[PDB]
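A quick write-up on the structure given underneath.
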Amino acid sequence: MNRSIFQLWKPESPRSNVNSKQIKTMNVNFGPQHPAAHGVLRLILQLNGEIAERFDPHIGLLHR
Amino acid sequence: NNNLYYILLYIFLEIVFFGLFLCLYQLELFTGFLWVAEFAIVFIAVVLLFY
Amino acid sequence: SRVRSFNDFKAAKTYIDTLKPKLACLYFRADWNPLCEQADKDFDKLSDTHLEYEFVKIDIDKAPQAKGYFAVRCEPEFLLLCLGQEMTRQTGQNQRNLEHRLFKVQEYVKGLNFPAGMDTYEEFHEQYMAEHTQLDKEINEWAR
Amino acid sequence: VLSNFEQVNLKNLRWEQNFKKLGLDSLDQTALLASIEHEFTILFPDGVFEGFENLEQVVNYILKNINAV
Amino acid sequence: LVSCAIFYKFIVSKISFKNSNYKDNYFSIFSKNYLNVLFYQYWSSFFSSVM
Amino acid sequence: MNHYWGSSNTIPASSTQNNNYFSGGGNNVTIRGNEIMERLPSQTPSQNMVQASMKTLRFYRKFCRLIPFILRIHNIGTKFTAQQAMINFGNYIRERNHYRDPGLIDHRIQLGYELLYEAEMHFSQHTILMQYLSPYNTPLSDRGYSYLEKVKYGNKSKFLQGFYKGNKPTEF
Amino acid sequence: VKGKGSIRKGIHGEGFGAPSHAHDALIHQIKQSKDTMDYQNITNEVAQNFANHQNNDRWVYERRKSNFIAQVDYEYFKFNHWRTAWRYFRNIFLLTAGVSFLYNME
Amino acid sequence: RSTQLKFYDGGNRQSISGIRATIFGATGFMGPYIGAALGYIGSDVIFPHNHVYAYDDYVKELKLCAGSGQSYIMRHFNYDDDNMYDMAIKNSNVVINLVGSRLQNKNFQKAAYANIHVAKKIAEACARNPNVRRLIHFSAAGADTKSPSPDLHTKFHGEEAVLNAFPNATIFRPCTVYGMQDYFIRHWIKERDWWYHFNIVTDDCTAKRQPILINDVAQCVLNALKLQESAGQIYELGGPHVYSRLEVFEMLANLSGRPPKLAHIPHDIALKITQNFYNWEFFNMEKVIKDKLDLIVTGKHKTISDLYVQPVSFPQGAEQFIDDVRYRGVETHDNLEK
Amino acid sequence: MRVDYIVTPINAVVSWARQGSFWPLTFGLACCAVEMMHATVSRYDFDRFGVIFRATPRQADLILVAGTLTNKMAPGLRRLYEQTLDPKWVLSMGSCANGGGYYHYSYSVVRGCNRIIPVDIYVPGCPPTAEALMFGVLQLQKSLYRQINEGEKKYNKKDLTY
Amino acid sequence: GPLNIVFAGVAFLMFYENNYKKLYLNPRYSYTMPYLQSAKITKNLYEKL
Amino acid sequence: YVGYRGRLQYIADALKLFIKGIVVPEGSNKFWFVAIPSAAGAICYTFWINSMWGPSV
Amino acid sequence: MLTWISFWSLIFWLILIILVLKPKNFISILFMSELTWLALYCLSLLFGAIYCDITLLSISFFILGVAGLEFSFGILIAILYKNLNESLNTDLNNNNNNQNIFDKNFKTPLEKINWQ
Ligand SMILES: CCCCCCCCCCCCCCCCCC(=O)OC[C@H](COP(=O)([O-])OCC[N+](C)(C)C)OC(=O)CCCCCCCCCCCCCCCCC
Ligand SMILES: NC(=O)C1=CN([C@@H]2O[C@H](COP(=O)(O)OP(=O)(O)OC[C@H]3O[C@@H](n4cnc5c(N)ncnc54)[C@H](OP(=O)(O)O)[C@@H]3O)[C@@H](O)[C@H]2O)C=CC1
Ligand code: SF4
Ligand SMILES: [Zn+2]
């Protein structure tokens, strides 16, 4: 069991191309008509290889 | 043709025709092996394009 | 030579395609630009000065289709063509720059060599459509 | 670009006048500068954007630019 | 076999160094020497092997 | 800059390059960013009217820079041009000119940035967000208009026009 | 400064780079403002990045596209290019296979 | 008889305009738009229909033209019993007839039934009821007693019959109407998508058209209702400019970027094949016959300017309906983000 | 006339099939959604009547609005209705969907889902029991079975339709 | 046209010549032409079909 | 309840799937959108040749 | 219509020519190299059958192995192209003007050249 910590996380540095996002992130709507989203959850999800990085939960679709 | 996907498809068809020649010339066994190997490779190639 | 004025796109295109000029200068004008008044005089002076070009003026207001056919963006426009192929294009009103462009195109064309049977006149869109079926056609067959 | 702003007369327009004397307030100045900026496909730095007083300075800046298309 | 060993040797060359240049932080500098070495060795090996 | 507007939040030009070789680049001003916005911090408080006016001008500049992208992605370019949309939103801002409380202006600028971000990320509907870009006294360009009430009530004042046309249903 | 190379600490300030090195404004903004951006300020670097990005698509911007001119194609359904192929094929077949076959049959 | 109709147009869906309307033939293209124009200011709308498939969206969405308690859909309409006509317009002070021969139809007897018989029944029922103020009958611009198209001939006869039965009826003759679900732009798109390489033309494309947007016909109807001097008049509705069919093809090609290709088939073969074979929406005699006829404002009657409507230009009004079918060629990197 | 000889029988086979496999869209808002999920489990088996839930609108035959509809959700509901494959039917379940319901006087609630999309049938309760939901679904199934041939055509002297 | 007629003639003669030489001037011991050769049961190694 | 005691459920499902009307979204390649399912069906209707039911059957 | 020996020799050399001809995209060259190895595979099998030699079938499977290892190296090298600031189209990695490319245009990263 050796160290694999560098393979685990990737920081960002100013004006560093290799440390930046070298890919177009998958911005998906975890929207209301989703089996796992219950009824009204519209979660803006940023995926990079099916890894959740950024969340933007839009609520109020059942605010009455 | 310069589209990578079409290049890959045409090379896949070329592999099929190579296997067809081997079948016609009566080296059937080597048609069965070649295809599967290269088929896997072609599959991986497609994934590479997706990246 | 002398300016040939046109208000109909089809008539002007038929005239140009029948003439098949080696060197042509097209002046597209519209009435929204106040500077078009001086451009007419500049075009007339340069037309009487130069004899190797054919000077054709097109009124965009009376022939809107012509604009779409010639990719005109900002009037006044001076389009310089060699054998129907776009040599260069100038937007704005300036006589010195127009004369410089005419002289440059003339000298470069006079320094050119064409193999026999491959120096015929061609229509404008013919250059765009040739590259369209080479690039745009295949791209549209993959995305759509 | 200035044709869209119909409060400006292009007939005898002299380019050294301030934007206000052409009939444009601050919001119209910002809209016109952004329209020219989109037209030439460039960006104006913050100091350059807020330092413009007439169309002559804009013309000179665009003349000195090599990325303008 | 020996060409693969030589490719392995070329791969494990040191890329980044600890030096006294402190002006290059927060800026991206592209070297491209590693890629050229790998590319040319790879394709020369391919051509020689097929012939 | 760890922000949605940061200079490193641009979409890469290719899968192996942020820009061409020998350099970097990206467009983050006239189009949306690469990563999604995850937080929008408060505007720094403005102590006087000058700072509030500067905030308003900068918000308007960002909106004007983002107009063509919004018009393209929302398919509303035929109803009005980019300049017309800028002029209509400028009319909105002009109708909000009488404001004199800097904190209220900071709040309004926050709300404006939020609504602009909603528009540029397809959160809102085009028929809903067009209410801020629509003309005040002019018909939309994508359809015809009726000038019946202009011909009949030609020189009549506003009072007479509002008197001939009632303010309530007449059956009840 | 311990564990900071040649970076020196002055009065009222720790220092962020080696002596006689240029101070970076973007890093100053990063340090002073952790995540606060009042507006998208367009500095020289941002404008340069925009120009660099837009220079990749200069050819598309400068492309002069001509509008189409509609026509009624009266000869589309004749398929003339397939008749030329048929003529070529039958000429080749008659001049190579036909003569030899007839002579050999006789 | 009284042609006066007082109503309040300054309301919304839940207001009371004062108009109680019956609309015939609303299971086509005009129907939803005319019904929405009437019921969006608070009117009561009734839709008599006899539609082959009741679950089709052509019937259900008619319920959306007004709110609950304002829109009613009368099903299983006989179109042959006088009692049903009387029941349909019993409490209506406005009647609109959009019934007409359908494009798929090629039978002369069915064309007369749609254009003459039903219109005559509606006008006769309107005459009997003393509470009907305005009746608007929809016809065609190229309607003529010697037209080779049975639709136009029967529409002229229907104009005569309606004006005879109810001399206070208003006749509308649109030139050709385009929209989201139309037979002009949608048919062009679908024919190009099916015939991937071309659009089929059976003539020289020299026939003239004057397209008008659907949103302008509804405004024309509202203006005619507001104008009391239009009671017994005939109006021809068209766009600002007149184009030939070739020009329309070219304009549609340039607006979307699709390169045009018009494959030509001689007229007589097309006529014979459409005569002797089954006809549906995209293959029928009506397209072949009408493609040689001019459907424009002739100037014999009043025009759209007499209704104080300014129609939008065809290039400007048709652009938004072809946004999805735009040609995807060489584009900038910023165009990848949508 | 002769075409009917083939069309009239086949119509039944077309209806029966679509009556035997009526797949609603997996979409639930608020607590009529919980009641609907109760109506799906073994006590009241929709799978008995060939009713199984599909998650995407492209494979759905029935849209079942089963909860409160806010002004934030109306464009989404309109898009979901438009993106379903024809033919399609819409069921409105509960008070919040049939009308405003317990929030009819609110500032952010659509006063009935029929202001946005057409509705084929309404189920009144709050919540309507699984009994009532099954009743409404069975009624809709019978109606759509009968809806292909309601006697619109007239019979000529040979007892043949048009 | 005349050349089309000539091509059709040559093709028909080729087709008929091939069929004639397959049917006759050829031993018939294996089943190659159906419905023209016998489909009986053969007890010897060499029986003509 | 589809048929008697649910004896025709698969027939009803197949017939309904036939009846449903397919639509191809814009932004997709229509040729590929229709061609991949055809190839998939042609491939899946070949597995039955790679089957064995008794020796050399 | 051509003998198999001459056909396959010509096919191998034509594959090499086409590999050289096509634009220098690393993935395209990888695919064409795989095709070249497969052509060698077929030629070796054909001569093994003609000359009744069992070593050439061994050449076929050894070609399979060598091509597999080479393809793995190529995949890794392309992913390495990702991390370095390089384009998979090598013709875009230099400033040498090329007439074969429609839209080759590179300029210095400066907003302006002259100030006074
Ligand atoms: C291209 C993406 C990557 C491909 C990686 C390798 C894929 C290997 C094969 C997987 C299955 C999918 C391919 C088959 C369906 C698509 C056909 C195709 O690619 O055509 C492209 C080719 C070319 O594509 P094109 O016509 O769009 O291209 C025009 C030319 N350019 C490239 C310039 C734009 O299509 C044609 O030539 C016309 C259509 C012919 C389709 C004939 C087969 C249809 C399907 C029948 C069933 C499948 C075969 C039999 C069953 C299987 C064997 C038992
Ligand atoms: N849209 C256009 O381009 C123009 C249209 N017009 C005319 O305007 C009118 C309305 O237009 P539009 O909606 O587009 O036309 P449609 O053809 O789409 O609709 C025709 C309507 O009439 C009904 N109908 C047809 N035949 C009969 C019949 N025999 N008995 C009873 N009802 C019948 C149809 O119902 P169903 O078939 O379901 O029974 C439908 O409601 C029509 O008369 C049309 O000819 C005139 C000029 C231009
Ligand atoms: S009608 Fe009532 S019980 Fe039903 S979802 Fe609405 S709030 Fe819940
Ligand atoms: Zn008559």
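If you're wondering about the labels, chains in the structure tokens are A, B, ... by order shown, residues count from 1 in each chain, ligands from 1 in order shown.
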With only C-alpha atoms and all ligand atoms counted, collect every polymer residue having an atom within 6 Å of ligand 3; state the result as a VMD selection string.
chain I and resid 30 to 32 66 to 68 94 to 96 126 to 127
So that each row is one residue of chain I with an atom at most 12 Å from ligand 2, can you give its shortest atom pair and the distance in Å to one decimal, using only C-alpha atoms and all ligand atoms, rows by chain and rising number, as JSON lines?
```
{"residue": "I:152", "atom": "CA", "partner": "ligand 2", "partner_atom_place_in_ligand_line": "39 (O)", "distance": 9.6}
{"residue": "I:153", "atom": "CA", "partner": "ligand 2", "partner_atom_place_in_ligand_line": "39 (O)", "distance": 10.4}
{"residue": "I:154", "atom": "CA", "partner": "ligand 2", "partner_atom_place_in_ligand_line": "30 (N)", "distance": 11.9}
{"residue": "I:162", "atom": "CA", "partner": "ligand 2", "partner_atom_place_in_ligand_line": "29 (N)", "distance": 11.4}
```
Find the spatial neighbours of residue E:4, counting only C-alpha atoms, within a cut-off of 12 Å - ignore same-chain residues fewer than 3 positions away - and output them as a VMD selection string.
(chain E and resid 1 7 to 11 38 41 to 42 45 to 46 49) or (chain L and resid 66 69 to 70 73)
Within 7 Å of ligand 1, which residues show up when you count only C-alpha atoms and all ligand atoms? List them as a ChimeraX atom specification, please.
/B:1,5-6,8-9,12,42-43,46 /C:138,141-142 /K:31-32,35-36,38-39,42-43,46
Atoms kept (N, CA, C and O atoms) for selection, written as a short mmCIF file (atom, residue, chain, number, x, y, z; two decimals), in the first residue's frame:
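Result saved to result.cif:
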```
data_model
loop_
_atom_site.label_atom_id
_atom_site.label_comp_id
_atom_site.auth_asym_id
_atom_site.auth_seq_id
_atom_site.Cartn_x
_atom_site.Cartn_y
_atom_site.Cartn_z
N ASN B 1 -11.11 11.38 -46.91
CA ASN B 1 -11.91 11.66 -45.72
C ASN B 1 -11.01 12.06 -44.56
O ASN B 1 -10.01 11.40 -44.29
N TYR B 5 -13.88 9.82 -37.03
CA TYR B 5 -14.84 8.73 -36.88
C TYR B 5 -15.01 7.97 -38.19
O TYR B 5 -15.08 6.73 -38.19
N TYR B 6 -15.07 8.68 -39.31
CA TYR B 6 -15.20 8.01 -40.60
C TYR B 6 -13.93 7.26 -40.98
O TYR B 6 -14.01 6.19 -41.59
N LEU B 8 -11.96 5.82 -38.79
CA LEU B 8 -12.04 4.62 -37.97
C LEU B 8 -13.03 3.62 -38.56
O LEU B 8 -12.75 2.41 -38.60
N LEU B 9 -14.18 4.10 -39.03
CA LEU B 9 -15.17 3.20 -39.62
C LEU B 9 -14.64 2.53 -40.89
O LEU B 9 -14.84 1.33 -41.10
N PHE B 12 -12.21 -0.10 -39.96
CA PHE B 12 -12.95 -1.27 -39.50
C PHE B 12 -13.47 -2.09 -40.68
O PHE B 12 -13.38 -3.33 -40.68
N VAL B 42 -10.62 -1.37 -31.96
CA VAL B 42 -11.48 -0.35 -32.55
C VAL B 42 -12.39 0.23 -31.48
O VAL B 42 -12.54 1.45 -31.36
N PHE B 43 -12.94 -0.64 -30.62
CA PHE B 43 -13.78 -0.16 -29.53
C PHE B 43 -13.02 0.85 -28.69
O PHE B 43 -13.49 1.98 -28.49
N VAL B 46 -12.67 4.17 -30.32
CA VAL B 46 -13.85 5.03 -30.26
C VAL B 46 -13.85 5.82 -28.96
O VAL B 46 -14.06 7.04 -28.95
N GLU C 138 -19.75 18.37 -45.66
CA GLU C 138 -19.43 17.22 -44.81
C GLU C 138 -19.68 17.51 -43.34
O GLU C 138 -20.09 16.61 -42.59
N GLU C 141 -23.23 17.03 -42.68
CA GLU C 141 -23.61 15.63 -42.74
C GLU C 141 -23.23 14.86 -41.48
O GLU C 141 -23.68 13.73 -41.30
N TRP C 142 -22.41 15.45 -40.60
CA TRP C 142 -22.02 14.82 -39.35
C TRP C 142 -22.79 15.35 -38.16
O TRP C 142 -23.21 14.57 -37.30
N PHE K 31 -29.60 10.37 -40.09
CA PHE K 31 -29.16 9.11 -40.67
C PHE K 31 -28.65 8.16 -39.59
O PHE K 31 -29.07 7.00 -39.52
N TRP K 32 -27.74 8.63 -38.74
CA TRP K 32 -27.21 7.78 -37.68
C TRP K 32 -28.30 7.43 -36.67
O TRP K 32 -28.38 6.28 -36.21
N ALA K 35 -30.10 4.71 -38.22
CA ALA K 35 -29.29 3.60 -38.71
C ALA K 35 -28.73 2.73 -37.59
O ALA K 35 -28.63 1.51 -37.76
N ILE K 36 -28.34 3.32 -36.46
CA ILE K 36 -27.85 2.51 -35.35
C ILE K 36 -28.90 1.53 -34.84
O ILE K 36 -28.55 0.36 -34.60
N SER K 38 -31.28 0.12 -36.59
CA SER K 38 -31.41 -0.91 -37.62
C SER K 38 -30.26 -1.91 -37.53
O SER K 38 -30.47 -3.13 -37.61
N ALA K 39 -29.03 -1.41 -37.37
CA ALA K 39 -27.88 -2.29 -37.21
C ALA K 39 -28.00 -3.13 -35.94
O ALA K 39 -27.66 -4.31 -35.94
N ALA K 42 -30.49 -5.89 -36.63
CA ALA K 42 -29.91 -6.89 -37.52
C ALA K 42 -28.89 -7.76 -36.79
O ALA K 42 -28.82 -8.97 -37.02
N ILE K 43 -28.11 -7.16 -35.89
CA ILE K 43 -27.13 -7.93 -35.12
C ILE K 43 -27.84 -8.86 -34.14
O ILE K 43 -27.48 -10.04 -34.01
N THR K 46 -29.27 -12.22 -35.22
CA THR K 46 -28.30 -13.19 -35.70
C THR K 46 -27.88 -14.18 -34.63
O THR K 46 -27.40 -15.27 -34.97
#
```
8 Å from ligand 4 is the threshold here; counting only C-alpha atoms and all ligand atoms, which polymer residues fall inside it? Answer as a compact mmCIF listing (two decimals) with N, CA and C atoms, in the first residue's frame.
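This is the output file part_8.txt:
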```
# COMPACT_ATOMS: atom_id res chain seq x y z
N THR H 145 -64.79 31.71 -60.20
CA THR H 145 -65.81 30.82 -60.75
C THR H 145 -65.29 29.95 -61.89
N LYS H 146 -64.12 30.25 -62.45
CA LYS H 146 -63.54 29.46 -63.52
C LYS H 146 -62.19 28.87 -63.13
N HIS H 153 -63.17 27.37 -56.84
CA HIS H 153 -64.50 27.47 -57.43
C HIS H 153 -65.58 27.35 -56.37
N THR H 154 -65.49 26.31 -55.53
CA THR H 154 -66.49 26.11 -54.49
C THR H 154 -66.43 27.20 -53.44
N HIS H 157 -68.40 30.07 -54.87
CA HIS H 157 -69.82 29.76 -54.72
C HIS H 157 -70.28 29.93 -53.27
```
Contact table chain F vs chain D, cut-off 8 Å, shortest pair per residue, only C-alpha atoms, as a Markdown table:
```
| residue | atom | partner | partner_atom | distance |
| --- | --- | --- | --- | --- |
| F:57 | CA | D:27 | CA | 7.3 |
| F:60 | CA | D:30 | CA | 7.5 |
| F:61 | CA | D:30 | CA | 6.1 |
| F:64 | CA | D:34 | CA | 6.2 |
| F:65 | CA | D:34 | CA | 6.1 |
| F:83 | CA | D:4 | CA | 6.5 |
| F:84 | CA | D:4 | CA | 7.7 |
| F:86 | CA | D:31 | CA | 6.3 |
| F:87 | CA | D:28 | CA | 7.3 |
| F:90 | CA | D:27 | CA | 6.0 |
```
Could the residues of chain I that have an atom at most 8 Å from chain A be listed as CSV, each with its closest atom pair and the distance in Å to one decimal, counting only C-alpha atoms and ordered by chain and ascending residue number?
```
residue,atom,partner,partner_atom,distance
I:26,CA,A:35,CA,7.2
I:27,CA,A:33,CA,5.8
I:28,CA,A:39,CA,5.4
I:29,CA,A:39,CA,4.6
I:30,CA,A:39,CA,6.7
I:55,CA,A:35,CA,7.0
I:68,CA,A:62,CA,6.9
I:69,CA,A:62,CA,7.3
I:70,CA,A:61,CA,6.2
I:71,CA,A:61,CA,7.9
I:72,CA,A:61,CA,5.4
I:73,CA,A:61,CA,5.9
I:103,CA,A:64,CA,6.5
I:106,CA,A:64,CA,6.6
I:107,CA,A:64,CA,7.6
I:108,CA,A:64,CA,5.9
I:109,CA,A:64,CA,6.0
```
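The spacing separating atom CA of residue L:28 from atom CA of residue G:52 amounts to 27.8 Å.
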Could you name the residues that touch residue E:20 at 12 Å or less, counting only C-alpha atoms, but leaving out those on the same chain fewer than 6 positions away, as a ChimeraX atom specification?
/G:5-6,18
Within 7 Å of chain K, which residues of chain I come that close, and what is the closest atom pair and distance in Å for each? Count only C-alpha atoms and give it as a Markdown table.
```
| residue | atom | partner | partner_atom | distance |
| --- | --- | --- | --- | --- |
| I:17 | CA | K:12 | CA | 4.2 |
| I:18 | CA | K:16 | CA | 5.2 |
| I:20 | CA | K:2 | CA | 5.4 |
| I:21 | CA | K:13 | CA | 5.6 |
| I:48 | CA | K:1 | CA | 6.1 |
| I:49 | CA | K:1 | CA | 5.4 |
| I:50 | CA | K:2 | CA | 6.9 |
| I:85 | CA | K:21 | CA | 6.4 |
| I:86 | CA | K:21 | CA | 6.1 |
```
Would you write out those residues with C-alpha atoms, as a short mmCIF file (atom, residue, chain, number, x, y, z; two decimals), in the first residue's frame?
```cif
data_model
loop_
_atom_site.label_atom_id
_atom_site.label_comp_id
_atom_site.auth_asym_id
_atom_site.auth_seq_id
_atom_site.Cartn_x
_atom_site.Cartn_y
_atom_site.Cartn_z
CA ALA I 17 -53.10 -2.85 -27.55
CA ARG I 18 -52.82 0.75 -26.40
CA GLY I 20 -53.45 -3.08 -22.61
CA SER I 21 -50.12 -1.26 -22.20
CA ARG I 48 -52.65 -5.97 -13.52
CA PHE I 49 -54.10 -3.54 -16.09
CA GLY I 50 -50.79 -3.33 -17.97
CA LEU I 85 -44.70 10.93 -28.13
CA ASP I 86 -48.15 10.99 -29.71
#
```
Could you list, as a ChimeraX atom specification, every residue within 10 Å of stretch 238-253 of chain H, counting only C-alpha atoms and ignoring same-chain residues fewer than 5 positions away?
/C:65 /F:144 /G:67-72 /H:141,173-177,185,188-189,199,201,203-213,216-217,258-262,291-292,294-297,303-305,310-315,318-319,322,326-327
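Using only C-alpha atoms, the chain L residues found within 8 Å of chain B amount to residues 27, 28, 31, 35, 38, 42, 64 and 75 of chain L.
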May I have all residues of stretch 6-169 of chain F that DSSP, computed from the backbone, assigns to alpha helix (DSSP H), given as an mmCIF file with C-alpha atoms, in the first residue's frame?
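Once everything was written out, this is part31.cif:
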```cif
data_model
loop_
_atom_site.group_PDB
_atom_site.id
_atom_site.type_symbol
_atom_site.label_atom_id
_atom_site.label_comp_id
_atom_site.auth_asym_id
_atom_site.auth_seq_id
_atom_site.Cartn_x
_atom_site.Cartn_y
_atom_site.Cartn_z
ATOM 1 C CA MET F 49 -23.569 58.067 -4.956
ATOM 2 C CA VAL F 50 -20.424 57.971 -7.118
ATOM 3 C CA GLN F 51 -19.660 54.342 -6.272
ATOM 4 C CA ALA F 52 -23.288 53.349 -6.837
ATOM 5 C CA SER F 53 -23.320 55.069 -10.234
ATOM 6 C CA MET F 54 -20.102 53.272 -11.187
ATOM 7 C CA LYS F 55 -21.665 49.948 -10.174
ATOM 8 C CA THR F 56 -24.723 50.694 -12.312
ATOM 9 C CA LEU F 57 -22.581 51.632 -15.318
ATOM 10 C CA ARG F 58 -20.470 48.478 -15.025
ATOM 11 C CA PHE F 59 -23.550 46.260 -14.708
ATOM 12 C CA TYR F 60 -25.036 47.899 -17.802
ATOM 13 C CA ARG F 61 -21.764 47.369 -19.682
ATOM 14 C CA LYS F 62 -21.740 43.663 -18.792
ATOM 15 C CA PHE F 63 -25.378 43.347 -19.882
ATOM 16 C CA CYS F 64 -24.630 45.056 -23.205
ATOM 17 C CA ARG F 65 -21.652 42.763 -23.784
ATOM 18 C CA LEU F 66 -23.835 39.711 -23.102
ATOM 19 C CA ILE F 67 -26.831 40.769 -25.258
ATOM 20 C CA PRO F 68 -25.863 39.051 -28.568
ATOM 21 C CA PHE F 69 -25.196 35.721 -26.844
ATOM 22 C CA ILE F 70 -28.592 35.850 -25.116
ATOM 23 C CA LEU F 71 -30.369 36.788 -28.348
ATOM 24 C CA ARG F 72 -28.737 33.893 -30.196
ATOM 25 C CA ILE F 73 -29.329 31.232 -27.544
ATOM 26 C CA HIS F 74 -32.935 32.307 -26.881
ATOM 27 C CA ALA F 82 -29.049 43.941 -30.065
ATOM 28 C CA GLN F 83 -29.019 47.751 -30.053
ATOM 29 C CA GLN F 84 -32.791 47.896 -29.564
ATOM 30 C CA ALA F 85 -32.536 45.540 -26.580
ATOM 31 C CA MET F 86 -29.762 47.677 -25.086
ATOM 32 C CA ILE F 87 -31.879 50.807 -25.569
ATOM 33 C CA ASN F 88 -34.927 49.197 -23.937
ATOM 34 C CA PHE F 89 -32.942 48.087 -20.893
ATOM 35 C CA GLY F 90 -31.396 51.554 -20.768
ATOM 36 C CA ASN F 91 -34.938 52.913 -20.653
ATOM 37 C CA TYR F 92 -35.531 50.630 -17.667
ATOM 38 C CA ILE F 93 -32.410 51.978 -15.940
ATOM 39 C CA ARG F 94 -33.433 55.556 -16.775
ATOM 40 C CA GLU F 95 -36.795 54.895 -15.142
ATOM 41 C CA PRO F 102 -26.474 53.591 -2.142
ATOM 42 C CA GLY F 103 -27.407 50.436 -0.215
ATOM 43 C CA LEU F 104 -30.618 50.070 -2.205
ATOM 44 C CA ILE F 105 -28.562 50.513 -5.376
ATOM 45 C CA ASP F 106 -26.137 47.776 -4.298
ATOM 46 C CA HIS F 107 -29.105 45.478 -3.667
ATOM 47 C CA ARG F 108 -30.502 46.290 -7.117
ATOM 48 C CA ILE F 109 -27.120 45.613 -8.743
ATOM 49 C CA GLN F 110 -26.962 42.222 -7.022
ATOM 50 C CA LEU F 111 -30.439 41.396 -8.326
ATOM 51 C CA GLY F 112 -29.514 42.549 -11.830
ATOM 52 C CA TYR F 113 -26.419 40.357 -11.925
ATOM 53 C CA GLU F 114 -28.508 37.427 -10.684
ATOM 54 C CA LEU F 115 -31.153 37.885 -13.386
ATOM 55 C CA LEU F 116 -28.497 38.289 -16.085
ATOM 56 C CA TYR F 117 -26.842 35.044 -14.978
ATOM 57 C CA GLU F 118 -30.236 33.325 -15.039
ATOM 58 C CA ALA F 119 -30.810 34.558 -18.594
ATOM 59 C CA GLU F 120 -27.378 33.483 -19.853
ATOM 60 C CA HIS F 126 -37.383 33.525 -23.335
ATOM 61 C CA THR F 127 -41.021 34.665 -23.290
ATOM 62 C CA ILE F 128 -40.496 35.522 -19.609
ATOM 63 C CA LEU F 129 -37.117 37.274 -19.805
ATOM 64 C CA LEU F 148 -56.582 51.419 -35.617
ATOM 65 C CA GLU F 149 -56.585 53.505 -32.433
ATOM 66 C CA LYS F 150 -54.003 55.824 -34.016
ATOM 67 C CA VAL F 151 -56.301 56.671 -36.938
ATOM 68 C CA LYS F 152 -59.581 57.066 -35.046
ATOM 69 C CA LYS F 158 -54.753 61.017 -23.737
ATOM 70 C CA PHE F 159 -57.789 61.724 -21.549
ATOM 71 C CA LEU F 160 -60.205 61.385 -24.469
ATOM 72 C CA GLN F 161 -58.539 58.156 -25.612
ATOM 73 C CA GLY F 162 -58.847 56.750 -22.098
ATOM 74 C CA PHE F 163 -62.449 57.939 -21.876
ATOM 75 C CA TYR F 164 -63.609 56.309 -25.110
#
```
Chain D residues within 9 Å of chain G, counting only C-alpha atoms: which ones, as a PyMOL selection string?
chain D and resi 41-47+67-69
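Computed from the coordinates, the atom CA of residue C:33 to atom CA of residue C:60 distance equals 11.6 Å.
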Quick check, in Å to one decimal: how far apart do atom CA of residue C:14 and atom CA of residue G:64 lie?
21.0 Å
Using only C-alpha atoms, which chain E residues lie at most 8 Å away from chain L, written as an MDAnalysis selection string?
chainID E and resid 30 32 35 38:39 46 50
Contacts of stretch 22-87 of chain H with stretch 133-146 of chain I up to 12 Å, shortest pair per row, only C-alpha atoms, as a tab-separated table:
```
residue	atom	partner	partner_atom	distance
H:53	CA	I:144	CA	10.3
H:54	CA	I:144	CA	9.0
H:55	CA	I:144	CA	7.6
H:56	CA	I:144	CA	11.2
```
Might you pull out every residue within 6 Å of stretch 10-17 of chain D, with only C-alpha atoms counted and same-chain residues fewer than 2 positions away left off, and present them as a ChimeraX atom specification?
/C:34 /D:54-56
For chain F, which residues have at least one atom within 8 Å of chain L, if we go by only C-alpha atoms? Write them as a PyMOL selection string, please.
chain F and resi 14-18+20-23
